[PDB]
Amino acid sequence: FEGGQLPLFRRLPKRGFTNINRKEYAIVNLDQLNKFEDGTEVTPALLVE
Amino acid sequence: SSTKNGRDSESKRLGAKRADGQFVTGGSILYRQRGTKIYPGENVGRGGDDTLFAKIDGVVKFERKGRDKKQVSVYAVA
Amino acid sequence: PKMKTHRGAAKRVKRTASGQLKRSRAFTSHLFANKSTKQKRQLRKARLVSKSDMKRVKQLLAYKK
RNA sequence: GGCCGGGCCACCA
RNA sequence: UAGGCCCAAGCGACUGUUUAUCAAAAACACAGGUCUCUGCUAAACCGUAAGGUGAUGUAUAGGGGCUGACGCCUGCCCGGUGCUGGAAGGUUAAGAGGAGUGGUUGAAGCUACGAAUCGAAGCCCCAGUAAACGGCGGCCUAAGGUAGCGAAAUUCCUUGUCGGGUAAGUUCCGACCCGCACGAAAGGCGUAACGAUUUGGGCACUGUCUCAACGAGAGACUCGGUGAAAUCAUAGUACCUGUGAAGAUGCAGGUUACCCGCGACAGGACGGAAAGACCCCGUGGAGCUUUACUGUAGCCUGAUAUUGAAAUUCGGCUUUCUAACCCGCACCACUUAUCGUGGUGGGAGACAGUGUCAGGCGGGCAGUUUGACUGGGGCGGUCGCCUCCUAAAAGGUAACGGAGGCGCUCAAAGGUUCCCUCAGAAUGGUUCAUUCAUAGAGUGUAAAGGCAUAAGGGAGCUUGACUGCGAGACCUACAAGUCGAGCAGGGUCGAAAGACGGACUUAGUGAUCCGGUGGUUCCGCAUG
RNA sequence: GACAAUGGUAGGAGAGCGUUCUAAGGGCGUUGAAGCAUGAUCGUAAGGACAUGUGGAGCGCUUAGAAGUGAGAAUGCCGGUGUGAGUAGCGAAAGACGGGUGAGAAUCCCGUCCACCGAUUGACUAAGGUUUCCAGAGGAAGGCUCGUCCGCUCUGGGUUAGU
RNA sequence: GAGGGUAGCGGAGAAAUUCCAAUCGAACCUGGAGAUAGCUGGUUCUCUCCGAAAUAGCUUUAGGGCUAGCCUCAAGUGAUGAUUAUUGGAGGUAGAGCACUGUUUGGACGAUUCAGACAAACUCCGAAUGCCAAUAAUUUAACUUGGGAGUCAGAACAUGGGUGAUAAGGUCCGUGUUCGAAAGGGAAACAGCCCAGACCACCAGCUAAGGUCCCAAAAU
RNA sequence: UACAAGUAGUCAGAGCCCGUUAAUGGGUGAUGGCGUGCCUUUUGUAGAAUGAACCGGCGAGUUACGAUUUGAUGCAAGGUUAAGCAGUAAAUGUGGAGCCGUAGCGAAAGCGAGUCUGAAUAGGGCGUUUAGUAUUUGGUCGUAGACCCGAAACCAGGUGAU
RNA sequence: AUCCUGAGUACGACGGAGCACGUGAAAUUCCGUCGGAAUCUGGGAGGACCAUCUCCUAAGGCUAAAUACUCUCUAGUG
RNA sequence: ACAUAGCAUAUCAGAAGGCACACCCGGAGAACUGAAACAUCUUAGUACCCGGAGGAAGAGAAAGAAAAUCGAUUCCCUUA
Ligand SMILES: [K+]
Ligand SMILES: [K+]
Ligand SMILES: [K+]
Ligand SMILES: [K+]
Ligand SMILES: [K+]
Ligand SMILES: [Mg+2]
Ligand SMILES: [Mg+2]
Ligand SMILES: [Mg+2]
Ligand SMILES: [Mg+2]
Ligand SMILES: [Mg+2]
Ligand SMILES: [Mg+2]
Ligand SMILES: [Mg+2]
Ligand SMILES: [Mg+2]
Ligand SMILES: [Mg+2]
Ligand SMILES: [Mg+2]
Ligand SMILES: [Mg+2]
Ligand SMILES: [Mg+2]
Ligand SMILES: [Mg+2]
Ligand SMILES: [Mg+2]
Ligand SMILES: [Mg+2]
Ligand SMILES: [Mg+2]
Ligand SMILES: [Mg+2]
Ligand SMILES: [Mg+2]
Ligand SMILES: [Mg+2]
Ligand SMILES: [Mg+2]
Ligand SMILES: [Mg+2]
Ligand SMILES: [Mg+2]
Ligand SMILES: [Mg+2]
Ligand SMILES: [Mg+2]
Ligand SMILES: [Mg+2]
Ligand SMILES: [Mg+2]
Ligand SMILES: [Mg+2]
Ligand SMILES: [Mg+2]
Ligand SMILES: [Mg+2]
Ligand SMILES: [Mg+2]
Ligand SMILES: [Mg+2]
Ligand SMILES: [Mg+2]
Ligand SMILES: [Mg+2]
Ligand SMILES: [Mg+2]
Ligand SMILES: [Mg+2]
Ligand SMILES: [Mg+2]
Ligand SMILES: [Mg+2]
Ligand SMILES: [Mg+2]
Ligand SMILES: [Mg+2]
Ligand SMILES: [Mg+2]
Ligand SMILES: [Mg+2]
Ligand SMILES: [Mg+2]
Ligand SMILES: [Mg+2]
Ligand SMILES: [Mg+2]
Ligand SMILES: [Mg+2]
Ligand SMILES: [Mg+2]
Ligand SMILES: [Mg+2]
Ligand SMILES: [Mg+2]
Ligand SMILES: [Mg+2]
Ligand SMILES: [Mg+2]
Ligand SMILES: [Mg+2]
Ligand SMILES: [Mg+2]
Ligand SMILES: [Mg+2]
Ligand SMILES: [Mg+2]
Ligand SMILES: [Mg+2]
Ligand SMILES: [Mg+2]
Ligand SMILES: [Mg+2]
Ligand SMILES: [Mg+2]
Ligand SMILES: [Mg+2]
Ligand SMILES: [Mg+2]
Ligand SMILES: [Mg+2]
Ligand SMILES: [Mg+2]
Ligand SMILES: [Mg+2]
Ligand SMILES: [Mg+2]
Ligand SMILES: [Mg+2]
Ligand SMILES: [Mg+2]
Ligand SMILES: [Mg+2]
Ligand SMILES: [Mg+2]
Ligand SMILES: [Mg+2]
Ligand SMILES: [Mg+2]
Ligand SMILES: [Mg+2]
Ligand SMILES: [Mg+2]
Ligand SMILES: [Mg+2]
Ligand SMILES: [Mg+2]
Ligand SMILES: [Mg+2]
Ligand SMILES: [Mg+2]
Ligand SMILES: [Mg+2]
Ligand SMILES: [Mg+2]
Ligand SMILES: [Mg+2]
Ligand SMILES: [Mg+2]
Ligand SMILES: [Mg+2]
Ligand SMILES: [Mg+2]
Ligand SMILES: [Mg+2]
Ligand SMILES: [Mg+2]
Ligand SMILES: [Mg+2]
Ligand SMILES: [Mg+2]
Ligand SMILES: [Mg+2]
Ligand SMILES: [Mg+2]
Ligand SMILES: [Mg+2]
Ligand SMILES: [Mg+2]
Ligand SMILES: [Mg+2]
Ligand SMILES: [Mg+2]
Ligand SMILES: [Mg+2]
Ligand SMILES: [Mg+2]
Ligand SMILES: [Mg+2]
Ligand SMILES: [Mg+2]
Ligand SMILES: [Mg+2]
Ligand SMILES: [Mg+2]
Ligand SMILES: [Mg+2]
Ligand SMILES: [Mg+2]
Ligand SMILES: [Mg+2]
Ligand SMILES: [Mg+2]
Ligand SMILES: [Mg+2]
Ligand SMILES: [Mg+2]
Ligand SMILES: [Mg+2]
Ligand SMILES: [Mg+2]
Ligand SMILES: [Mg+2]
Ligand SMILES: [Mg+2]
Ligand SMILES: [Mg+2]
Ligand SMILES: [Mg+2]
Ligand SMILES: [Mg+2]
Ligand SMILES: [Mg+2]
Ligand SMILES: [Mg+2]
Ligand SMILES: [Mg+2]
Ligand SMILES: [Mg+2]
Ligand SMILES: [Mg+2]
Ligand SMILES: [Mg+2]
Ligand SMILES: [Mg+2]
């Protein structure tokens with residue numbers, strides 16, 4: 001509340017929307033794959049385990 | 001009765017914004033004014049509202065021009 | 001009980017990596033004949049919520065990460 | 001704004 | 001123990017009624033007058049309804065408004081508002097009526113919408129109505145105040161002026177009319193009688209007074225008994241002049257004063273009592289009003305259901321019918337019953353009533369709103385933006401300080417290249433010429449700052465009054481606002497360097513939410 | 001050791017005092033705990049001891065934990081007690097004396113005289129109250145004084161309907 | 001008189017906002033309920049260090065609030081703080097002047113000219129100061145990021161000004177000090193003036209303003 | 001202590017009377033200097049502004065759940081469970097669903113140490129070039145009456161015409 | 001799949017209500033008024049709507065436990 | 001007129017009223033308050049009132065959730 005001055009989150013516009021089908025991925029970088037031995041077969045099950 | 005007066009506009013904060021001998025970067029405003037009270041000199045530009053601004057990095061120098069006129073230049077620091 | 005997010009605020013800002021809030025610009029709805037070309041072009045560019053305003057409104061968006 | 005020749009009706013940034 | 005009386009004026013006719021507990025009155029009522037509604041299941045009123053009051057009444061009756069015995073009377077205005085009646089011309093809702101279109105599946109089809117036109121009251125229009133609301137001039141109107149009264153319960157000026165009354169009369173009485181601002185049923189003017197009414201005068205009479213004295217009793221006072229209260233920071237609590245939050249027991253300097261009672265008095269302790277009723281303030285409350293906003297009880301009107309059969313006439317209109325529905329109609333039974341139910345007649349009848357939907361009216365009732373600044377508040381003025389002065393030679397800087405302007409404009413008054421130079425004066429001529437003329441002209445517009453690099457004037461071409469931006473900087477609480485080199489894309493003008501992202505600069509504007517329109521390699525709820 | 005700093009409202013920061021309860025450890029107490037009272041005691045403060053009297057059964061200390069944790073003001077709430085003060089008042093009026101009773105008498109009983117009401121201060125019904133009525137005994141409180149008296153206290157009684 | 005009836009969004013009223021169980025512009029009781037109170041009052045042990053503000057902007061805002069300003073605590077960063085000297089610069093006040101605008105007095109000549117004046121919104125001129133900077137002396141800050149605030153009634157004095165009347169202990173701005181939040185000495189007394197900033201103790205000393213005949217310390 | 005002018009004390013001080021937690025002691029006090037209570041509220045109160053007769057007791061920032069920050073501690077590219085079950089109303093064991101972090105940018109599709117805008121191999125915004133997480137003490141905020149007391153009023157359901 | 005499989009029903013318009021959701025792109029559920037289906041080649045839903053696909057089979061009824069509370073009772077706790 | 005309504009008699013002992021009616025289901029349903037005013041909205045389907053019960057009540061055996069499949073209802077955690 002700003003004492004009756006129009007508050008900041010009313011003087012600014014709304015923007016955008018939310019995608020219902022938004023896909024978010026789990027991310028593994030190359031540096032995190034360095035913990036496996038040479039010749040390993042990397043799989044989501046192995047990354048989770 | 002009542003006064004017919006009571007009005008004024010917002011003060012516009014004109015005048016010098018950098019000192020003679022001071023180092024400024026390019027784009028720095030040196031002087032706000034109405035008209036050419038001070039003229040643009042060397043490496044100094046004059047904006048649409050008559051603002052004087054430095055076009056290079058360098059040192060501000062206020063100098064006389066002619067008999068009754070002034071100018072401000074900026075010179076590259078060696 | 002849980003604190004409640006200010007939903008109006010939540011519709012107008014987004015959190016940045018450093019924890020700041022990216023905001024849209026006022027004066028961008030109508031009356032565009034009265035604002036100059038450069039004014040509108042530069043009003044297309046997003047700003048941040050100022051630190052003075054953050055001091056006032058931070059708790060309203062504590063859950064919006 | 002609607003309709004008819006100024007009158008009725010309509011108008012929740 | 002047992003009326004004081006007389007003269008005169010205002011108000012109200014009268015007896016009566018009223019603020020239990022500061023108002024008894026001129027206020028209310030009243031008999032009388034008038035207007036208006038109401039044909040009986042009356043109107044009006046209470047109640048959601050049933051049921052009631054009205055009334056076991058029936059227009060010589062009942063409700064509501066106004067006036068207020070009686071006497072003489074009650075003028076002008078119907079433009080406005082209300083009320084009443086007309087016209088079904090314009091406008092309008094539900095509903096009907098379906099031309100047509102979008103989405104989807106070449107279509108059906110399903111689906112979202114959708115114009116002809118039919119469609120009530122109201123409102124608009126016309127007329128009337130003033131013992132309806134109201135109005136009763138300063139050429140204007142709807143019309144401009146009749147009778148009577150008038151310095152008044154009304155007259156500001158005002159103690160109007162004159163007369164009477166008194167030695168002396170702002171009151172009183174009688175006149176005048178110059179009625180700030182009387183006036184005819186929110187009645188005018190009178191009026192015998194009446195009045196714990198208001199007002200002026202007089203006789204009687206008096207301790208009301210000159211002017212106070214004495215006497216009786218009850219308290220007070222002394223003694224025995226009994227024995228509270230408000231109040232109270234601690235108190236060994238002086239005055240004067242001063243000081244001080246601007247009126248001192250308590251501070252300063254003086255002055256005065258042995259310690260403790262008792263009877264008295266009220267100048268102070270801003271003495272006690274009641275968180276000032278006045279005044280202001282609170283985005284406090286409550287009651288009341290209305291042509292404040294939004295509603296709503298109710299009522300009016302239309303469609304449709306209940307709800308059926310025939311016709312006539314132009315989807316309607318109209319007429320007839322009976323069998324739904326209705327009867328606070330009659331008789332009959334239950335039943336010794338003015339309820340009810342049933343039966344039979346009569347009346348009425350697809351109306352009414354009631355449900356749902358729709359339009360209208362609706363301070364009758366309800367929830368609320370009705371700004372701030374302000375040398376208290378109100379009234380007046382002001383509220384955003386631009387320029388100047390105040391402003392103290394950076395910037396900034398207040399007052400209901402002193403002055404002005406803005407809510408645009410221009411297709412050139414923008415861009416570029418080329419060229420050009422003013423106002424004024426003097427002197428000559430039935431606008432022109434010469435000479436001076438640093439600008440004393442002009443610059444779209446207010447002022448200031450600038451401008452003869454012209455930023456002022458003219459011409460050619462033109463549209464940079466571009467798209468994507470943007471180092472850095474000014475200003476600044478925020479939101480905003482301002483300036484900007486330079487890079488890229490595509491140009492204009494220029495021989496070229498180069499200039500151009502509107503205008504000599506600084507006003508000419510308004511956030512968000514919502515909605516409309518155009519585009520869109522975005523999303524679009526199993527998939528398209 | 002030798003230099004500096006240390007006025008302070010709103011307010012920020014730090015360190016401590018004390019109260020009740022809990023855990024663990026270690027103690028005190030009928031050869032007298034807590035509480036209370038007095039004292040010329042100790043600590044920079046909040047505060048801590050000791051001695052003596054009273055009291056008569058619980059209570060410290062250490063470390064840590066938890067709070068209904070600290071009052072002088074709220075026209076604060078409750079209780080007690082002051083002040084005003086031996087002050088105001090003691091609620092419409094005619095009593096006097098004799099005798100009696102008694103610890104005590106203006107005030108109770110009895111007597112005489114006096115005085116007041118008498119369209120009522122008399123008599124009887126109703127409402128309302130509900131034992132206040134009667135007798136004997138009493139005098140703490142109540143009675144605006146007193147009290148031997150009482151509508152007060154104790155004990156025992158009292159209301160009878162065919163009309 | 002008795003027995004009954006009308007009940008609070010309501011009754012009743014020969015009407016006064018009048019009565020409805022000793023206060024009726026809407027009775028009383030209980031509940032919602034700890035209504036709400038941007039208002040008043042109150043808010044309890046101690047010491048230690050630091051220590052404000054009474055302003056700006058916006059506000060149905062004006063004795064409220066919000067951000068900024070000023071306080072505190074903690075980490076960072078490190079010359080960026082302060083003062084002076086010197087040097088450079090921006091700007092138009094005081095004064096002065098009349099070159100422009102406006103005002104004004106006396107001559108002269110036939111508007112100009114001679115002489116002499118006036119100005120917040122006049123300037124041919126123009127200080128002192130203050131301000132912005134740059135690189136030596138002294139000095140001790142400064143800034144950034146977070147945790148916690150309070151403040152938004154100010155007052156007098158001096159001085160530059162508006163306003164008022166070259167009135168006000170008036171009012172509104174600029175500048176400085178003090179009070180606020182500051183005791184001590186002086187000004188008789190006396191927040192705001194003068195001297196001066198109290199860690200504690202001392203029956204030591206030197207001074208400030210102000211004083212030295214007695215009150216009453218010190219020069220008759 | 002009866003010649004004295006006052007917020008009642010304080011500093012100085014004879015006289016008299018006592019004798020202790022034995023301390024450069026205790027009680028009283030002629031006489032002198034200095035000195036207008038406290039609280040609240042204020043620009044400013046001795047204030048003739050508020051509040052308190054006195055004494056005693058009682059009487060006001062609390063707790064729960066979220067957020068943020070600081071300190072502490074465990075683990076660390078990881079940290080941690082919730083309900084539940086077992087257990088003594090315990091600690092604790094088990095429970096990995098879930099949550100936060102290890103990656104951001106964008107309205108989104110998306111792309112990714114980048115990404116968005118943009119025609120751009122340009123410029124610019126936000127990012128990258130490690131540190132988090134769990135519990136808990138303290139501070140503060142939010143939802144709750146939220147430091148305490150106090151309206152006038154509003155609504156609902158009852159009770160009243162002695 | 002020869003017959004049966006809940007009819008004034010589902011559903012629709014208007015007015016409302018309940019759904020976190022204020023009529024909105026508002027599906028899904030219920031009430032009043034008025035209208036008003038289909039019949040396994042059927043019907044309903046998958047957030048307007050259409051087509052495909054997917055899931056289901058309304059308009060009849062019954063059902064313990066896990067859950068809520070404490071005037072109580074018994075045994076205990078702080 | 002048949003009939004029915006009605007009336008008399010015997011038999012049954014079904015209802016009535018109460019509550020801790022705390023929890024539960026339904027009917028009906030505010031206001032102060034918050035929005036720094038206020039009407040939409042909020043307080044809140046809360047308070048109060050009324051009806052019906054049980055030891056629990058309600059719900060319940062898909063014209064469901066979904067989009068790789070699950071398989072009545074309810075309740076706790078989480079999603080958030
Ligand atoms: K008329
Ligand atoms: K008329
Ligand atoms: K006259
Ligand atoms: K008059
Ligand atoms: K007072
Ligand atoms: Mg200005
Ligand atoms: Mg321009
Ligand atoms: Mg737009
Ligand atoms: Mg009369
Ligand atoms: Mg009479
Ligand atoms: Mg009276
Ligand atoms: Mg009076
Ligand atoms: Mg009287
Ligand atoms: Mg009748
Ligand atoms: Mg009359
Ligand atoms: Mg009359
Ligand atoms: Mg007439
Ligand atoms: Mg007419
Ligand atoms: Mg119509
Ligand atoms: Mg119509
Ligand atoms: Mg007058
Ligand atoms: Mg006389
Ligand atoms: Mg006369
Ligand atoms: Mg009249
Ligand atoms: Mg009349
Ligand atoms: Mg007489
Ligand atoms: Mg006497
Ligand atoms: Mg006596
Ligand atoms: Mg003083
Ligand atoms: Mg004085
Ligand atoms: Mg005096
Ligand atoms: Mg004195
Ligand atoms: Mg006396
Ligand atoms: Mg007196
Ligand atoms: Mg008084
Ligand atoms: Mg008051
Ligand atoms: Mg008052
Ligand atoms: Mg007064
Ligand atoms: Mg109708
Ligand atoms: Mg009203
Ligand atoms: Mg209200
Ligand atoms: Mg005002
Ligand atoms: Mg005023
Ligand atoms: Mg006005
Ligand atoms: Mg200056
Ligand atoms: Mg300046
Ligand atoms: Mg103007
Ligand atoms: Mg204007
Ligand atoms: Mg030109
Ligand atoms: Mg140009
Ligand atoms: Mg779908
Ligand atoms: Mg789809
Ligand atoms: Mg200190
Ligand atoms: Mg000091
Ligand atoms: Mg603190
Ligand atoms: Mg501590
Ligand atoms: Mg302690
Ligand atoms: Mg104890
Ligand atoms: Mg306590
Ligand atoms: Mg007290
Ligand atoms: Mg007392
Ligand atoms: Mg006394
Ligand atoms: Mg006496
Ligand atoms: Mg006395
Ligand atoms: Mg006396
Ligand atoms: Mg006496
Ligand atoms: Mg007596
Ligand atoms: Mg007699
Ligand atoms: Mg007796
Ligand atoms: Mg006695
Ligand atoms: Mg007795
Ligand atoms: Mg009642
Ligand atoms: Mg009466
Ligand atoms: Mg009254
Ligand atoms: Mg009145
Ligand atoms: Mg009364
Ligand atoms: Mg409540
Ligand atoms: Mg309260
Ligand atoms: Mg300090
Ligand atoms: Mg101020
Ligand atoms: Mg506003
Ligand atoms: Mg001068
Ligand atoms: Mg002159
Ligand atoms: Mg002159
Ligand atoms: Mg000047
Ligand atoms: Mg002055
Ligand atoms: Mg002053
Ligand atoms: Mg000043
Ligand atoms: Mg100071
Ligand atoms: Mg001082
Ligand atoms: Mg002093
Ligand atoms: Mg002094
Ligand atoms: Mg003097
Ligand atoms: Mg002195
Ligand atoms: Mg003096
Ligand atoms: Mg000396
Ligand atoms: Mg002396
Ligand atoms: Mg001496
Ligand atoms: Mg003497
Ligand atoms: Mg003596
Ligand atoms: Mg004295
Ligand atoms: Mg003294
Ligand atoms: Mg203060
Ligand atoms: Mg004052
Ligand atoms: Mg005092
Ligand atoms: Mg006094
Ligand atoms: Mg007060
Ligand atoms: Mg008092
Ligand atoms: Mg007390
Ligand atoms: Mg709090
Ligand atoms: Mg805060
Ligand atoms: Mg079935
Ligand atoms: Mg709904
Ligand atoms: Mg729904
Ligand atoms: Mg929906
Ligand atoms: Mg459906
Ligand atoms: Mg039975
Ligand atoms: Mg039975
Ligand atoms: Mg029961
Ligand atoms: Mg029950
Ligand atoms: Mg509100
Ligand atoms: Mg019930
Ligand atoms: Mg029940």
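What to note about this one:
- Considering only B:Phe23, C:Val57, B:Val44, and ranking their Cα positions along the charge dipole of the protein assembly as shown that arises from unit charges at the beta-carbon of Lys, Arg, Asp and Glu, the one farthest toward the positive end is C:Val57.
- Calculated FRET efficiency for the pair B:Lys4/C:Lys35, C-beta based, R₀ 30 Å, to 0.05: 0.35
- Cα-based shape type of the protein assembly as shown, given that a ≥ b ≥ c are square roots of the gyration tensor eigenvalues and the cut on a/c is 1.5: oblate
- 18 Å Cα-Cα threshold exceeded, pairs from B:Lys37/C:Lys38; C:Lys14/C:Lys45; B:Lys12/B:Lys37; B:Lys12/B:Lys65; C:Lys2/C:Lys65: B:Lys37/C:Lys38; B:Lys12/B:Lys65
- Once you reduce chain C and the stretch A:29-49 to the center of their Cα atoms, the two points are 41 Å from each other.
- Its convex hull of Cα atoms gives chain B a direction-averaged projected area, equal to a quarter of the hull surface, of 7.2 nm².
- The protection proxy used here, the mean number of other Cβ atoms lying within 10 Å of each residue, ranks peptides A:12-21, B:49-58, B:22-31, A:35-44 as follows, highest first: B:49-58, B:22-31, A:12-21, A:35-44.
- Segment B:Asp68-B:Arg13, length gained on full extension (0.36 nm per residue, minus Cα span): 17.4 nm
- In range of the label at C:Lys11: residues from the stretch A:1-35 whose backbone nitrogen is under 16 Å from the point 7 Å along Cα→Cβ: A:7-19
- For the pair B:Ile56 and C:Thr28, a Förster radius of 45 Å applied to the C-beta separation gives a FRET efficiency near 0.80, rounded to the nearest 0.05.
- Computed log₁₀ I(q)/I(0) - Debye formula, equal Cα scatterers, no solvent, chain A, q 0.17, 0.18, 0.32 Å⁻¹: -0.71, -0.75, -1.25
FYI the Cβ positions are ideal-geometry reconstructions off the backbone, even for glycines, and counts take in every protein chain you see. Read-outs throughout are calculated quantities, based only on the coordinates presented, and are distinct from any laboratory measurement.
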